[PDB]
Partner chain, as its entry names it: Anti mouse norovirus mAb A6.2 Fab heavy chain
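So this first bit is one chain, no partners, the form deposited without its partner chain, shown in structure tokens.
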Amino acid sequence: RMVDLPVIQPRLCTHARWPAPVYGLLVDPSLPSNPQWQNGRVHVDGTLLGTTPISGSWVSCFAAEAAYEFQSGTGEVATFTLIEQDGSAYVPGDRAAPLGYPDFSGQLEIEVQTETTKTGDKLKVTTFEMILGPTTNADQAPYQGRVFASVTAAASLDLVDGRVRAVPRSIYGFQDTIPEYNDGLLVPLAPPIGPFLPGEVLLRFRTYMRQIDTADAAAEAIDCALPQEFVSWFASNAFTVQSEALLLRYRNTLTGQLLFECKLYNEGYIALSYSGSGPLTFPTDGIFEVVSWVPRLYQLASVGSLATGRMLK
């Protein structure tokens, strides 16, 4: 009956916003304090929010029927009439897009393959680039079930069409801000993450995206509030909630070293007490242990950087 957590190290976890392993664990107060992320969002009681999928393989992916219409500038624009990734029809409802749809902006390179239904299905593979963010009006409406992308590479020599699946490859001009999901119109969104007590900052699980630039490719950070294993854990257990937050300890179980305490708020984000200005990273080889229910106003033991050097200045 009491909430517990799986004893899984962050470095062994799956990322909830880009389909890759978790590499980092940190707080940063220079970043936006209350992000509006649509994936990786669940309450402690198991209520999934936004576009958050159960399966980590759905993260920042989509599925569609693909069809073509020719275009003047860039050749060969595909129209993608979205479907949910399990092949079921997508119906505009009470979330921003199909489950696992990307919840950030920039120009995404996606690889698109013919839907696989049985051994022997002939498969085509085509790479596209897709503009996720507002861009004035583009007729990007993933809420309404229709998005567009331009061909960048044929792997196949026969352009992919029909029912397809799209996976993310790399990003250009990444901005961690949600994309126009519904043109200019109001869309259903999980709320900004928060609020935090004074001195509290969001615990971030970090992975890296291949970001392209002029004649260089470099890692670009993307954060989520909980790893996918914790998202599906809460969804699957549907625990009864008894306070506003849980007090957690993050501990290395081999050595016994207690690393920090933190607060998991019932709305599915974790807070650390930290007064520094720059990023503070933690080891990713500890485990989270639930300690007890605590009230909102519970004051955490603070953490700080292990580098103690300072200057007179």
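Numbering follows the first chain given and starts at 1.
Fill in: Mean C-alpha B-factor comparison - 178-186 and 105-113, higher one
Averaging CA B-factors over each stretch, the winner is 178-186.
Worksheet item: Which of the two stretches, 275-283 or 65-73, shows the higher mean Cα temperature factor in the record?
Response: 65-73 has the higher mean C-alpha B-factor.
Fill in: C-alpha B-factor winner, where the candidates are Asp161, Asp223, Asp94, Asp86
Spelled out: the listed residue with the top C-alpha B-factor is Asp161.
Worksheet entry | Largest Cα B-factor, entry values, listed residues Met209, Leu123, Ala235, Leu157 | The C-alpha B-factor peaks, among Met209, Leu123, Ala235, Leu157, at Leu157.
Worksheet item: Against its chain's modelled residues, does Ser170's Cα B factor rank lowest, middle or highest third?
Response: Its C-alpha B-factor belongs to the lowest third of this chain's values.
Item to complete: Consider only the C-alpha atoms of the modelled residues in this chain, order them by B-factor as the entry records it, and name the third containing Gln228: lowest, middle or highest.
Response: It falls in the bottom third of the chain.
Worksheet item: Based on the entry's values, in what third of the chain does the Cα temperature factor of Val22 lie: lowest, middle or highest?
Response: Within its chain, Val22 is a lowest-third residue by C-alpha B-factor, going by the deposited values.
Worksheet item: Which third of the chain does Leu99 land in by C-alpha B-factor: lowest, middle or highest?
Response: According to the entry, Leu99 has a C-alpha B-factor in the chain's lowest third.
Fill in: Among modelled residues of the same chain, the CA temperature factor third for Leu258
Highest third, going by the recorded CA B-factors of the chain.
The following text describes the form deposited with its partner chain bound, which does not appear among the structures shown.
Worksheet item: Which among 132-140, 68-76, 179-187, 90-98 is in contact with its partner chain in the entry with it bound, heavy atoms within 4.5 angstroms?
Response: After filtering at 4.5 Å, what remains is 68-76.
Discussion item. Contact check in the entry with it bound: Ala153, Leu157 and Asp161 versus its partner chain, with a cutoff of 4.5 Å between any heavy atoms. Do all three pass?
Written reply: So, yes: the whole triplet contacts its partner chain.
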